[PDB]
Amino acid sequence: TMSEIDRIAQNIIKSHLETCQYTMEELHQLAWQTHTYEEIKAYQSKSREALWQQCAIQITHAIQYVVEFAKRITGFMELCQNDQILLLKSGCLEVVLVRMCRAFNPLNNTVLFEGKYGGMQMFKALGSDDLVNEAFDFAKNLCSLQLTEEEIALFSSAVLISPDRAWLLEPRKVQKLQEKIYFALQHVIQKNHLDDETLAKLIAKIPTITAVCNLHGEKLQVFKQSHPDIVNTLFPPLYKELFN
């Protein structure tokens, strides 16, 4: 039913618009703001634990918005709470990663972090350039598709609503919704992207998204080895709950 597809699309699109930290408008006005040479140096002078703490707070902040996003998607709240938790636990960061492309500037390869745009050197203190570079490469490639907010809303919902996550109790139910979401995304893409490969190029990115987030987990596990007290008593409790 095309009518059901449209109701699902409007619901997700609306949830996205009401659950982003920065509306698309606020971002156009922030993209011109860039951290100065001094500010970049300050970030680089941070201890690895200090910057990790800052990044964990920002990621958690973004993750909390993804929870609000999920809670407003009617089809998601219809799943058993167990699968809701599983989907969020396994995909919150993946959604955040997709959403990051909204606040990324491919012209100079900079991203919004703590109020202004900064390059990858801004994260030098993390001691994880491989992770930063993979995150930036992903954002750059996604940005090249020139997606609209509706498409980012729908695609991000498909990344979250994955029937493939391990341990799901009702994967078919999740599968049925994801199918409808993709059907919606496919129609919405036509309003913009003439010709395309768009939907196919987006779906082909699913594994890369997960790869980046797994790398984040990997770096964090080693971070925990070196600084257990920081993770257990300074990192946001939700961040610890989700990734450690």
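So that there is no doubt, residue numbering starts at 1 and follows the sequence shown.
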Residue stretch of maximal mean CA temperature factor, 86 to 94 vs 141 to 149 = 141 to 149
May I ask you to compare 61 to 69 and 44 to 52 by their mean CA B factor in the entry and name the higher one?
-> 44 to 52
Pick out which of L79, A135, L154, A103 has the highest C-alpha B-factor in the PDB entry.
-> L79
Of the three thirds of Cα B-factor ranks in this chain, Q29 occupies the highest
State the tercile, meaning the lowest, middle or highest third, of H16 with respect to the CA B-factors recorded for its chain.
-> lowest
Comparing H216 with the other modelled residues of its chain, is its CA B-factor in the lowest, middle or highest third?
-> lowest
Against its chain's modelled residues, does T210's Cα B factor rank lowest, middle or highest third?
-> lowest
Compared with the other modelled residues in the chain, in which third is the CA B-factor of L194?
-> highest
